[PDB]
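Heads up, the chain below is alone and in the form deposited in one PDB entry; it's given as structure tokens.
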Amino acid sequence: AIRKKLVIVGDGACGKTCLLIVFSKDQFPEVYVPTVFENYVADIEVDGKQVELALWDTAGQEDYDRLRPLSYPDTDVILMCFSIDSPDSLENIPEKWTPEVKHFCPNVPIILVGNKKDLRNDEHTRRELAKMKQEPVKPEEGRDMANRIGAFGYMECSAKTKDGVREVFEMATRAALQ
């Protein structure tokens, strides 16, 4: 199996740590959801090809501009995350996260991922956002942002229900192989 490296980036409230935990764990965390993620090396077979995909989180490095780039050397695929319950997390994608990743990871595919898709139809979420003249991110808003930033593709998932999680990591593996 060939070895590839994946790094997930995005704002503190984007759900990147939860996404890595849910994908890497054999059983969904029903008793305790970990606060942090160390690393993991996933065995993935996508389109007949076997890959060892090393997974890394940038959680905790958002405020540290000289420590954070140390996560980027030899990255093969970037997951660039935002939360669907946070239009603010999507606004920070084009002029903060995108120029950074393009500088430190030139020519590395970026997949834009809309996390927490289950909250798009959550009434508590819609009520809270409506107080700030906002609403959950729409699918076309995510696709348009991915198109604008030069992303390899746009995908959505829910770490809570696991829907779409396997597909995100299988596609990230295909992107890393290209």
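So that there is no doubt, residue numbering starts at 1 and follows the sequence shown. Rigid core: the largest C-alpha set superposing within 1.5 Å between the two forms. Residues that one form lacks are left out of the comparison.
There is another form of this protein, the form solved in complex with a small molecule, and it is not shown here; the text below is about that form.
The small molecule is not drawn, but in the deposited complex it has a heavy atom within 4.5 Å of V22.
The closest non-hydrogen atom of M155 lies beyond 4.5 Å of the small molecule in the deposited complex.
Though the partner is left out of this view, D26 does reach within 4.5 Å of the small molecule in the deposited complex, counting heavy atoms only.
In the core-superposed comparison between this form and the one not shown, the C-alpha atom of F28 has shifted by at least 2 angstroms. Residues present in both forms were compared between this form and the one not shown after fitting on the core; the only consecutive run of three or more with every C-alpha moved by 2 angstroms or more is 26-28.
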